[PDB]
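S.K.: This is target20.csv (CSV, N, CA and C atoms and all ligand atoms).
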```csv
chain,number,residue,atom,x,y,z
A,52,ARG,N,257.7,137.4,-0.1
A,52,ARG,CA,256.4,137.4,-0.7
A,52,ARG,C,255.6,138.7,-0.9
A,53,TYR,N,255.7,139.3,-2.1
A,53,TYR,CA,255.0,140.5,-2.4
A,53,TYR,C,254.6,140.6,-3.9
A,54,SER,N,254.0,141.6,-4.4
A,54,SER,CA,253.5,141.8,-5.7
A,54,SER,C,254.2,142.9,-6.4
A,55,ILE,N,254.4,142.8,-7.7
A,55,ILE,CA,255.2,143.8,-8.5
A,55,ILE,C,254.4,144.1,-9.7
A,56,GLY,N,253.1,143.7,-9.8
A,56,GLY,CA,252.2,144.2,-10.8
A,56,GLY,C,252.2,143.3,-12.0
A,57,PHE,N,251.6,143.9,-13.1
A,57,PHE,CA,251.3,143.1,-14.3
A,57,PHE,C,252.6,143.1,-15.2
A,58,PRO,N,252.9,141.9,-15.8
A,58,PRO,CA,254.0,141.9,-16.7
A,58,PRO,C,254.1,143.0,-17.7
A,59,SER,N,252.9,143.4,-18.3
A,59,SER,CA,252.9,144.6,-19.2
A,59,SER,C,253.6,145.8,-18.7
A,60,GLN,N,253.5,146.1,-17.4
A,60,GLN,CA,254.1,147.2,-16.7
A,60,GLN,C,255.6,147.3,-16.8
A,61,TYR,N,256.3,146.4,-17.6
A,61,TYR,CA,257.7,146.4,-17.8
A,61,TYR,C,258.0,146.5,-19.2
A,62,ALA,N,259.3,146.9,-19.5
A,62,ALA,CA,259.8,146.8,-20.9
A,62,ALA,C,260.9,145.8,-20.9
A,63,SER,N,261.4,145.5,-22.1
A,63,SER,CA,262.6,144.7,-22.2
A,63,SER,C,263.7,145.4,-21.5
A,64,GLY,N,264.6,144.7,-20.9
A,64,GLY,CA,265.7,145.3,-20.2
A,64,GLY,C,265.6,145.3,-18.7
A,65,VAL,N,266.1,146.3,-18.0
A,65,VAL,CA,266.2,146.4,-16.6
A,65,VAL,C,265.2,147.5,-16.1
A,66,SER,N,264.4,147.1,-15.2
A,66,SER,CA,263.5,148.1,-14.5
A,66,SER,C,264.0,148.3,-13.1
A,67,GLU,N,264.0,149.6,-12.7
A,67,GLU,CA,264.4,149.9,-11.4
A,67,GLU,C,263.2,150.4,-10.6
A,68,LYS,N,262.0,150.0,-11.0
A,68,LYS,CA,260.9,150.3,-10.1
A,68,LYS,C,261.3,149.8,-8.7
A,69,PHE,N,261.1,148.6,-8.3
A,69,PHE,CA,261.1,148.2,-6.9
A,69,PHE,C,262.5,148.1,-6.4
A,70,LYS,N,263.5,148.8,-6.9
A,70,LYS,CA,264.8,148.8,-6.3
A,70,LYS,C,264.8,149.4,-4.9
A,71,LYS,N,264.4,150.7,-4.8
A,71,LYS,CA,264.4,151.3,-3.4
A,71,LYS,C,263.6,150.5,-2.4
A,72,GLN,N,262.4,150.0,-2.9
A,72,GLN,CA,261.4,149.4,-2.0
A,72,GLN,C,261.6,148.0,-1.7
A,73,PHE,N,262.1,147.2,-2.6
A,73,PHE,CA,262.2,145.7,-2.5
A,73,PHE,C,263.6,145.3,-2.8
A,74,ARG,N,264.5,146.2,-3.1
A,74,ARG,CA,265.9,145.8,-3.3
A,74,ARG,C,266.0,144.7,-4.4
A,75,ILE,N,265.4,145.0,-5.6
A,75,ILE,CA,265.4,144.1,-6.7
A,75,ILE,C,265.4,144.9,-8.0
A,76,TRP,N,266.0,144.2,-9.0
A,76,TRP,CA,265.8,144.6,-10.4
A,76,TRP,C,264.9,143.6,-11.1
A,77,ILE,N,264.0,144.1,-11.9
A,77,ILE,CA,263.1,143.2,-12.7
A,77,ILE,C,263.5,143.3,-14.1
A,78,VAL,N,263.9,142.2,-14.7
A,78,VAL,CA,264.6,142.2,-16.0
A,78,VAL,C,263.7,141.3,-17.0
A,79,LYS,N,263.4,141.9,-18.1
A,79,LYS,CA,262.8,141.1,-19.2
A,79,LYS,C,263.8,140.8,-20.2
A,80,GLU,N,264.3,139.6,-20.4
A,80,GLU,CA,265.3,139.1,-21.3
A,80,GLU,C,264.7,138.5,-22.5
A,81,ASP,N,264.9,139.0,-23.7
A,81,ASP,CA,264.4,138.3,-24.9
A,81,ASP,C,263.0,137.9,-24.6
A,82,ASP,N,262.8,136.7,-24.3
A,82,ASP,CA,261.4,136.0,-24.2
A,82,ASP,C,260.8,136.2,-22.8
A,83,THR,N,261.5,136.5,-21.8
A,83,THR,CA,261.2,136.2,-20.4
A,83,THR,C,261.4,137.3,-19.4
A,84,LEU,N,260.8,137.2,-18.2
A,84,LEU,CA,260.9,138.1,-17.1
A,84,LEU,C,261.5,137.4,-15.9
A,85,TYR,N,262.4,138.0,-15.2
A,85,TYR,CA,263.0,137.4,-14.0
A,85,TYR,C,263.5,138.5,-13.0
A,86,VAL,N,263.6,138.1,-11.7
A,86,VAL,CA,263.8,139.2,-10.6
A,86,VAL,C,265.1,139.0,-9.9
A,87,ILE,N,266.0,140.0,-10.0
A,87,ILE,CA,267.4,139.9,-9.5
A,87,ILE,C,267.5,140.7,-8.1
A,88,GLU,N,267.9,140.0,-7.1
A,88,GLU,CA,268.2,140.6,-5.8
A,88,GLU,C,269.4,141.5,-5.9
A,89,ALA,N,269.2,142.8,-5.7
A,89,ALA,CA,270.3,143.7,-5.7
A,89,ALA,C,271.2,143.6,-4.5
A,90,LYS,N,271.9,142.4,-4.4
A,90,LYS,CA,272.8,142.1,-3.3
A,90,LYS,C,274.1,141.5,-3.9
A,91,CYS,N,275.2,142.2,-3.8
A,91,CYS,CA,276.5,141.7,-4.2
A,91,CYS,C,276.9,140.5,-3.5
A,92,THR,N,277.3,139.5,-4.2
A,92,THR,CA,277.6,138.2,-3.5
A,92,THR,C,279.1,138.2,-3.3
A,93,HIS,N,279.8,139.3,-3.4
A,93,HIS,CA,281.1,139.4,-2.8
A,93,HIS,C,281.0,139.4,-1.3
A,94,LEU,N,280.7,140.6,-0.7
A,94,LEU,CA,280.4,140.7,0.8
A,94,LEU,C,279.0,141.1,1.1
A,95,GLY,N,278.4,142.0,0.4
A,95,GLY,CA,277.0,142.4,0.6
A,95,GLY,C,276.4,143.7,0.2
A,96,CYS,N,277.2,144.5,-0.6
A,96,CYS,CA,276.7,145.9,-0.9
A,96,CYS,C,275.6,145.9,-1.9
A,97,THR,N,275.0,147.0,-2.1
A,97,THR,CA,273.9,147.1,-3.0
A,97,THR,C,274.4,147.7,-4.3
A,98,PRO,N,274.5,146.9,-5.4
A,98,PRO,CA,275.2,147.5,-6.6
A,98,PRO,C,274.2,148.4,-7.3
A,99,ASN,N,274.6,148.9,-8.5
A,99,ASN,CA,273.9,150.0,-9.1
A,99,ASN,C,273.8,149.8,-10.6
A,100,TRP,N,272.6,149.5,-11.1
A,100,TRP,CA,272.3,149.5,-12.5
A,100,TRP,C,272.9,150.7,-13.2
A,101,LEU,N,273.7,150.5,-14.2
A,101,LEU,CA,274.3,151.5,-15.1
A,101,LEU,C,274.0,151.3,-16.6
A,102,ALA,N,272.9,151.8,-17.0
A,102,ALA,CA,272.4,151.5,-18.3
A,102,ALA,C,273.4,151.9,-19.4
A,103,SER,N,274.1,153.0,-19.3
A,103,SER,CA,275.1,153.4,-20.3
A,103,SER,C,276.0,152.2,-20.6
A,104,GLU,N,276.5,151.6,-19.6
A,104,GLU,CA,277.5,150.5,-19.8
A,104,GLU,C,276.9,149.1,-19.8
A,105,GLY,N,275.6,149.0,-19.8
A,105,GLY,CA,275.0,147.7,-19.7
A,105,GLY,C,275.5,146.9,-18.5
A,106,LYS,N,275.5,147.5,-17.3
A,106,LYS,CA,276.1,146.9,-16.2
A,106,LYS,C,275.6,147.3,-14.8
A,107,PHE,N,275.5,146.3,-13.9
A,107,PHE,CA,275.3,146.6,-12.5
A,107,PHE,C,276.7,146.7,-11.8
A,108,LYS,N,277.1,147.9,-11.5
A,108,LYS,CA,278.4,148.2,-10.9
A,108,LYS,C,278.2,148.2,-9.3
A,109,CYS,N,278.8,147.3,-8.6
A,109,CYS,CA,278.9,147.3,-7.2
A,109,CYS,C,280.0,148.2,-6.7
A,110,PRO,N,279.6,149.3,-6.0
A,110,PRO,CA,280.6,150.2,-5.5
A,110,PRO,C,281.4,149.7,-4.3
A,111,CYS,N,281.4,148.4,-4.0
A,111,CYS,CA,282.1,148.0,-2.8
A,111,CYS,C,283.5,147.6,-3.1
A,112,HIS,N,283.7,146.7,-4.1
A,112,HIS,CA,285.0,146.4,-4.6
A,112,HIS,C,285.0,146.2,-6.1
A,113,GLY,N,284.3,147.1,-6.8
A,113,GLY,CA,284.2,147.2,-8.3
A,113,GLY,C,283.4,146.1,-9.0
A,114,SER,N,282.9,145.2,-8.3
A,114,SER,CA,282.3,144.0,-9.0
A,114,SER,C,281.3,144.5,-10.1
A,115,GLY,N,281.5,143.9,-11.2
A,115,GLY,CA,280.7,144.1,-12.4
A,115,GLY,C,279.8,143.0,-12.7
A,116,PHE,N,278.5,143.3,-13.1
A,116,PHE,CA,277.6,142.2,-13.6
A,116,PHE,C,276.9,142.6,-14.9
A,117,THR,N,276.7,141.6,-15.7
A,117,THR,CA,276.0,141.9,-16.9
A,117,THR,C,274.5,142.2,-16.6
A,118,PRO,N,273.7,142.6,-17.6
A,118,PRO,CA,272.3,142.8,-17.3
A,118,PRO,C,271.5,141.6,-16.9
A,119,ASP,N,272.1,140.4,-17.0
A,119,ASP,CA,271.5,139.2,-16.6
A,119,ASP,C,272.0,138.8,-15.2
A,120,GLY,N,272.8,139.6,-14.6
A,120,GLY,CA,273.3,139.3,-13.3
A,120,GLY,C,274.6,138.6,-13.2
A,121,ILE,N,275.1,138.0,-14.4
A,121,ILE,CA,276.4,137.3,-14.4
A,121,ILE,C,277.5,138.1,-13.9
A,122,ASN,N,278.3,137.6,-13.0
A,122,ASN,CA,279.5,138.2,-12.5
A,122,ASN,C,280.6,138.1,-13.6
A,123,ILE,N,281.1,139.3,-14.0
A,123,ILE,CA,282.0,139.4,-15.1
A,123,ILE,C,283.3,140.1,-14.7
A,124,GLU,N,283.3,140.9,-13.7
A,124,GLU,CA,284.5,141.5,-13.1
A,124,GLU,C,284.4,141.7,-11.6
A,125,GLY,N,285.5,142.1,-11.1
A,125,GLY,CA,285.7,142.4,-9.7
A,125,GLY,C,285.8,141.1,-8.9
A,126,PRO,N,285.8,141.2,-7.6
A,126,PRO,CA,285.9,140.1,-6.7
A,126,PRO,C,284.7,139.2,-6.6
A,127,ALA,N,283.5,139.7,-7.0
A,127,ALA,CA,282.3,138.9,-6.8
A,127,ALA,C,282.4,137.6,-7.5
A,128,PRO,N,282.1,136.5,-6.8
A,128,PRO,CA,282.5,135.2,-7.3
A,128,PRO,C,281.5,134.4,-8.0
A,129,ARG,N,280.2,134.9,-7.9
A,129,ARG,CA,279.1,134.2,-8.5
A,129,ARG,C,278.1,135.3,-9.0
A,130,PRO,N,277.2,134.9,-9.9
A,130,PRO,CA,276.1,135.8,-10.3
A,130,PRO,C,275.2,136.2,-9.1
A,131,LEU,N,274.6,137.4,-9.3
A,131,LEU,CA,273.6,137.9,-8.4
A,131,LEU,C,272.4,137.0,-8.4
A,132,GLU,N,271.9,136.7,-7.2
A,132,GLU,CA,270.8,135.7,-7.1
A,132,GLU,C,269.5,136.2,-7.7
A,133,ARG,N,268.6,135.3,-7.9
A,133,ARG,CA,267.3,135.5,-8.5
A,133,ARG,C,266.2,134.9,-7.6
A,134,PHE,N,265.0,135.5,-7.6
A,134,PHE,CA,263.9,135.0,-6.8
A,134,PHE,C,262.8,134.4,-7.6
A,135,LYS,N,262.0,133.6,-6.9
A,135,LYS,CA,260.8,132.9,-7.5
A,135,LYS,C,259.8,134.0,-7.9
A,136,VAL,N,259.3,133.9,-9.1
A,136,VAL,CA,258.3,134.8,-9.7
A,136,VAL,C,257.1,133.9,-10.2
A,137,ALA,N,255.9,134.2,-9.7
A,137,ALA,CA,254.8,133.4,-10.2
A,137,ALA,C,253.6,134.4,-10.5
A,138,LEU,N,252.8,134.0,-11.4
A,138,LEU,CA,251.6,134.7,-11.7
A,138,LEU,C,250.5,134.4,-10.7
A,139,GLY,N,249.9,135.4,-10.0
A,139,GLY,CA,248.8,135.2,-9.1
A,139,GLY,C,247.4,135.0,-9.8
A,140,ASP,N,246.4,134.8,-9.0
A,140,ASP,CA,245.0,134.6,-9.5
A,140,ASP,C,244.5,135.9,-10.2
A,141,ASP,N,245.1,137.0,-9.9
A,141,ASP,CA,244.7,138.3,-10.5
A,141,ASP,C,245.7,138.7,-11.6
A,142,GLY,N,246.5,137.8,-12.0
A,142,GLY,CA,247.5,138.0,-13.1
A,142,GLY,C,248.7,138.8,-12.6
A,143,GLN,N,248.8,139.2,-11.4
A,143,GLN,CA,249.9,140.0,-11.0
A,143,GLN,C,251.1,139.2,-10.5
A,144,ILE,N,252.3,139.6,-10.8
A,144,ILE,CA,253.5,138.9,-10.5
A,144,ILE,C,253.7,138.9,-8.9
A,145,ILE,N,253.7,137.8,-8.3
A,145,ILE,CA,254.2,137.6,-7.0
A,145,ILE,C,255.7,137.2,-7.0
A,146,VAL,N,256.5,137.9,-6.2
A,146,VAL,CA,257.9,137.6,-5.9
A,146,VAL,C,258.0,136.9,-4.5
A,147,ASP,N,258.7,135.8,-4.4
A,147,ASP,CA,258.9,135.1,-3.2
A,147,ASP,C,260.4,135.1,-2.9
A,148,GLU,N,260.8,136.0,-2.0
A,148,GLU,CA,262.3,136.2,-1.7
A,148,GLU,C,262.9,135.0,-0.9
A,149,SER,N,262.0,134.3,-0.2
A,149,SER,CA,262.5,133.1,0.5
A,149,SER,C,262.4,131.9,-0.4
A,150,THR,N,262.8,132.0,-1.6
A,150,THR,CA,263.3,131.0,-2.5
A,150,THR,C,264.2,131.7,-3.5
A,151,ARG,N,265.3,131.0,-3.9
A,151,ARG,CA,266.4,131.7,-4.6
A,151,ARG,C,266.9,130.7,-5.6
A,152,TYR,N,267.5,131.2,-6.7
A,152,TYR,CA,267.9,130.4,-7.8
A,152,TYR,C,269.3,130.8,-8.1
A,153,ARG,N,270.3,129.9,-8.0
A,153,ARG,CA,271.7,130.2,-8.2
A,153,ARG,C,272.1,129.8,-9.6
A,154,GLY,N,272.4,130.8,-10.4
A,154,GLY,CA,272.6,130.6,-11.8
A,154,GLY,C,273.7,129.7,-12.1
A,155,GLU,N,274.7,129.6,-11.2
A,155,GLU,CA,275.8,128.7,-11.5
A,155,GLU,C,275.6,127.3,-11.0
A,156,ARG,N,274.4,126.9,-10.5
A,156,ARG,CA,274.1,125.5,-10.3
A,156,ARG,C,272.9,125.1,-11.1
A,157,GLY,N,272.7,125.6,-12.3
A,157,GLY,CA,271.5,125.3,-13.0
A,157,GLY,C,270.3,125.3,-12.0
A,158,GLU,N,270.0,126.5,-11.6
A,158,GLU,CA,268.7,126.7,-10.8
A,158,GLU,C,267.9,127.7,-11.5
A,159,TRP,N,268.5,128.6,-12.4
A,159,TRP,CA,267.8,129.4,-13.3
A,159,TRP,C,267.0,128.6,-14.3
A,160,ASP,N,267.3,127.3,-14.4
A,160,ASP,CA,266.6,126.5,-15.5
A,160,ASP,C,265.5,125.7,-14.9
A,161,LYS,N,264.9,126.1,-13.7
A,161,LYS,CA,263.9,125.2,-13.1
A,161,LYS,C,262.7,126.1,-12.6
A,162,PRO,N,261.6,125.4,-12.2
A,162,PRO,CA,260.4,126.1,-12.1
A,162,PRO,C,260.4,127.3,-11.1
A,163,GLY,N,259.7,128.4,-11.5
A,163,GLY,CA,259.7,129.6,-10.7
A,163,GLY,C,260.9,130.5,-10.9
A,164,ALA,N,261.9,130.0,-11.7
A,164,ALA,CA,263.1,130.8,-11.8
A,164,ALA,C,262.8,132.0,-12.7
A,165,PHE,N,261.7,132.0,-13.5
A,165,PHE,CA,261.4,133.1,-14.4
A,165,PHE,C,259.9,132.9,-14.9
A,166,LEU,N,259.5,133.8,-15.7
A,166,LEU,CA,258.1,133.8,-16.3
A,166,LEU,C,258.3,134.0,-17.8
A,167,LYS,N,257.5,133.2,-18.6
A,167,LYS,CA,257.9,133.3,-20.0
A,167,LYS,C,257.3,134.5,-20.7
A,168,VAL,N,256.1,135.0,-20.3
A,168,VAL,CA,255.6,136.2,-21.0
A,168,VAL,C,255.8,136.2,-22.5
B,1,LIG,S1,280.5,143.7,-1.9
B,1,LIG,FE1,280.3,144.1,-4.1
B,1,LIG,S2,282.5,144.2,-4.8
B,1,LIG,FE2,282.6,143.6,-2.7
```
Please express the file's structure as structure tokens.
M.R.:
Amino acid sequence: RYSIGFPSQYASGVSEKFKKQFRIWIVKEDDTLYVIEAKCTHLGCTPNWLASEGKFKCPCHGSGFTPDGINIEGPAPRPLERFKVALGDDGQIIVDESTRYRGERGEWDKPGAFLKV
């Protein structure tokens, strides 16, 4: 549970603001904003946004992820997890890390999984 500011403060694509501090990527996809835990779901390393290649490269066992977190290569077996994102009373985005949405169980499609912006 913390704040990552106003939706305006982001552009489409991948932001690495709170990567060092909160171990997250904040991604605005087409219509929407969502928050990716930078935690490889192979064993546990911290992968690396690679804008050139449109990819989060995990340096642990090569695992590759698309900009939406989908596991596309390497040993990683499932997409990178996502956190609940809500607008506060002050309009700023609260992230709640103790709720998580698993893209391969249709959890990205349920409330708090993203913000429409
Ligand atoms: S922990 Fe990321 S590839 Fe193994």
S.K.: What does the structure give for the distance between atom CA of residue 138 of chain A and atom C of residue 157 of chain A, in Å to one decimal?
M.R.: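 Separating atom CA of residue 138 of chain A from atom C of residue 157 of chain A is a distance of 20.9 Å.
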S.K.: Could you pull out all residues of segment 63-138 of chain A with a DSSP call of helix (DSSP H, G or I) and give them as a PyMOL selection string?
M.R.: chain A and resi 70-73+102-104
S.K.: Write the residues of the preceding selection, restricted to N, CA and C atoms, as a PDB file, in the coordinates of the input.
M.R.:
```
ATOM      1  N   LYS A  70     263.500 148.800  -6.900  1.00  0.00           N
ATOM      2  CA  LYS A  70     264.800 148.800  -6.300  1.00  0.00           C
ATOM      3  C   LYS A  70     264.800 149.400  -4.900  1.00  0.00           C
ATOM      4  N   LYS A  71     264.400 150.700  -4.800  1.00  0.00           N
ATOM      5  CA  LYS A  71     264.400 151.300  -3.400  1.00  0.00           C
ATOM      6  C   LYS A  71     263.600 150.500  -2.400  1.00  0.00           C
ATOM      7  N   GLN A  72     262.400 150.000  -2.900  1.00  0.00           N
ATOM      8  CA  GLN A  72     261.400 149.400  -2.000  1.00  0.00           C
ATOM      9  C   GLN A  72     261.600 148.000  -1.700  1.00  0.00           C
ATOM     10  N   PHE A  73     262.100 147.200  -2.600  1.00  0.00           N
ATOM     11  CA  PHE A  73     262.200 145.700  -2.500  1.00  0.00           C
ATOM     12  C   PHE A  73     263.600 145.300  -2.800  1.00  0.00           C
ATOM     13  N   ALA A 102     272.900 151.800 -17.000  1.00  0.00           N
ATOM     14  CA  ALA A 102     272.400 151.500 -18.300  1.00  0.00           C
ATOM     15  C   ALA A 102     273.400 151.900 -19.400  1.00  0.00           C
ATOM     16  N   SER A 103     274.100 153.000 -19.300  1.00  0.00           N
ATOM     17  CA  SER A 103     275.100 153.400 -20.300  1.00  0.00           C
ATOM     18  C   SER A 103     276.000 152.200 -20.600  1.00  0.00           C
ATOM     19  N   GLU A 104     276.500 151.600 -19.600  1.00  0.00           N
ATOM     20  CA  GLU A 104     277.500 150.500 -19.800  1.00  0.00           C
ATOM     21  C   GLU A 104     276.900 149.100 -19.800  1.00  0.00           C
TER      22      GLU A 104
END
```
S.K.: Output the neighbourhood of ligand LIG 1 (chain B) as a PyMOL selection string, that is, all protein and nucleic acid residues with some atom at most 12 Å from the ligand, counting only C-alpha atoms and all ligand atoms.
M.R.: chain A and resi 89-99+107-116+122-131
S.K.: If you run DSSP on this backbone, which residues of chain A come out as strand (DSSP E or B), and could you give them as a VMD selection string?
M.R.: chain A and resid 53 to 54 64 to 66 75 to 80 83 to 88 99 to 101 106 to 108 115 to 116 122 to 124 133 to 138 144 to 152 166
S.K.: Which residue, A:132, A:141, A:81, A:104, has the smallest gap to residue 63 of chain A when you use all atoms listed in the file?
M.R.: A:81
S.K.: Which residue gives the smallest distance to residue 80 of chain A among A:145, A:106, A:159, A:119, with only N, CA and C atoms counted?
M.R.: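 Nearest to residue 80 of chain A: A:119.
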S.K.: One decimal, in Å: what's the spacing between atom CA of residue 121 of chain A and atom CA of residue 87 of chain A?
M.R.: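 Between atom CA of residue 121 of chain A and atom CA of residue 87 of chain A the gap works out to 10.6 Å.
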S.K.: Out of A:53, A:73, A:152, A:61, which residue has the shortest atom-to-atom distance to residue 133 of chain A when counting all atoms listed in the file?
M.R.: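 Among the listed residues, A:152 lies closest to residue 133 of chain A.
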S.K.: Calculated over only C-alpha atoms, which of the candidates A:57, A:139, A:72, A:150 has the smallest distance to residue 162 of chain A?
M.R.: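 Of all the options, A:150 lies closest to residue 162 of chain A.
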S.K.: So which one's closest to residue 144 of chain A, A:56, A:117, A:76, A:166? Using only N, CA and C atoms, please.
M.R.: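 Selected residue with least distance to residue 144 of chain A: A:56.
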S.K.: Can you pull out every residue within 7 Å of residue 148 of chain A, counting all atoms listed in the file, but drop anything in the same chain fewer than 3 positions away, and send it as a PDB file with N, CA and C atoms, keeping the file's coordinate frame?
M.R.:
```pdb
ATOM      1  N   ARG A  52     257.700 137.400  -0.100  1.00  0.00           N
ATOM      2  CA  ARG A  52     256.400 137.400  -0.700  1.00  0.00           C
ATOM      3  C   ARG A  52     255.600 138.700  -0.900  1.00  0.00           C
ATOM      4  N   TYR A  53     255.700 139.300  -2.100  1.00  0.00           N
ATOM      5  CA  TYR A  53     255.000 140.500  -2.400  1.00  0.00           C
ATOM      6  C   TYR A  53     254.600 140.600  -3.900  1.00  0.00           C
ATOM      7  N   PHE A 134     265.000 135.500  -7.600  1.00  0.00           N
ATOM      8  CA  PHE A 134     263.900 135.000  -6.800  1.00  0.00           C
ATOM      9  C   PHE A 134     262.800 134.400  -7.600  1.00  0.00           C
ATOM     10  N   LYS A 135     262.000 133.600  -6.900  1.00  0.00           N
ATOM     11  CA  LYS A 135     260.800 132.900  -7.500  1.00  0.00           C
ATOM     12  C   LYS A 135     259.800 134.000  -7.900  1.00  0.00           C
ATOM     13  N   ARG A 151     265.300 131.000  -3.900  1.00  0.00           N
ATOM     14  CA  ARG A 151     266.400 131.700  -4.600  1.00  0.00           C
ATOM     15  C   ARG A 151     266.900 130.700  -5.600  1.00  0.00           C
TER      16      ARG A 151
END
```
S.K.: Between A:161, A:167, A:156, A:71, which residue has the minimum interatomic distance to residue 58 of chain A, considering only C-alpha atoms?
M.R.: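 Of all the options, A:167 lies closest to residue 58 of chain A.
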S.K.: Using only C-alpha atoms, which residues sit within 6 Å of residue 165 of chain A once same-chain residues fewer than 6 positions away are excluded, as an MDAnalysis selection string?
M.R.: chainID A and resid 84:85 136
S.K.: Atom C of residue 120 of chain A and atom C of residue 160 of chain A, how far apart in Å?
M.R.: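 Those two atoms sit 15.9 Å apart.
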S.K.: Can you complete the atoms of segment 110-122 of chain A to N, CA, C and O atoms and list them as a compact mmCIF listing (two decimals), in the coordinates of the input?
M.R.:
```
# COMPACT_ATOMS: atom_id res chain seq x y z
N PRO A 110 279.60 149.30 -6.00
CA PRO A 110 280.60 150.20 -5.50
C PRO A 110 281.40 149.70 -4.30
O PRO A 110 282.05 150.56 -3.66
N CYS A 111 281.40 148.40 -4.00
CA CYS A 111 282.10 148.00 -2.80
C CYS A 111 283.50 147.60 -3.10
O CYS A 111 284.48 148.05 -2.55
N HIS A 112 283.70 146.70 -4.10
CA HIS A 112 285.00 146.40 -4.60
C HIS A 112 285.00 146.20 -6.10
O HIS A 112 285.71 145.33 -6.62
N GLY A 113 284.30 147.10 -6.80
CA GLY A 113 284.20 147.20 -8.30
C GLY A 113 283.40 146.10 -9.00
O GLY A 113 283.31 146.20 -10.21
N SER A 114 282.90 145.20 -8.30
CA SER A 114 282.30 144.00 -9.00
C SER A 114 281.30 144.50 -10.10
O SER A 114 280.42 145.30 -9.87
N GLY A 115 281.50 143.90 -11.20
CA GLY A 115 280.70 144.10 -12.40
C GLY A 115 279.80 143.00 -12.70
O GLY A 115 280.25 141.79 -12.71
N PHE A 116 278.50 143.30 -13.10
CA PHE A 116 277.60 142.20 -13.60
C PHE A 116 276.90 142.60 -14.90
O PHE A 116 276.62 143.80 -15.14
N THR A 117 276.70 141.60 -15.70
CA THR A 117 276.00 141.90 -16.90
C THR A 117 274.50 142.20 -16.60
O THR A 117 274.09 142.05 -15.46
N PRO A 118 273.70 142.60 -17.60
CA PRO A 118 272.30 142.80 -17.30
C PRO A 118 271.50 141.60 -16.90
O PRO A 118 270.37 141.72 -16.48
N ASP A 119 272.10 140.40 -17.00
CA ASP A 119 271.50 139.20 -16.60
C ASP A 119 272.00 138.80 -15.20
O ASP A 119 271.53 137.72 -14.69
N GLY A 120 272.80 139.60 -14.60
CA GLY A 120 273.30 139.30 -13.30
C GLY A 120 274.60 138.60 -13.20
O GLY A 120 275.27 138.56 -12.17
N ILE A 121 275.10 138.00 -14.40
CA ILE A 121 276.40 137.30 -14.40
C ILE A 121 277.50 138.10 -13.90
O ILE A 121 277.70 139.28 -14.28
N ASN A 122 278.30 137.60 -13.00
CA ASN A 122 279.50 138.20 -12.50
C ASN A 122 280.60 138.10 -13.60
O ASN A 122 281.03 137.05 -13.98
```
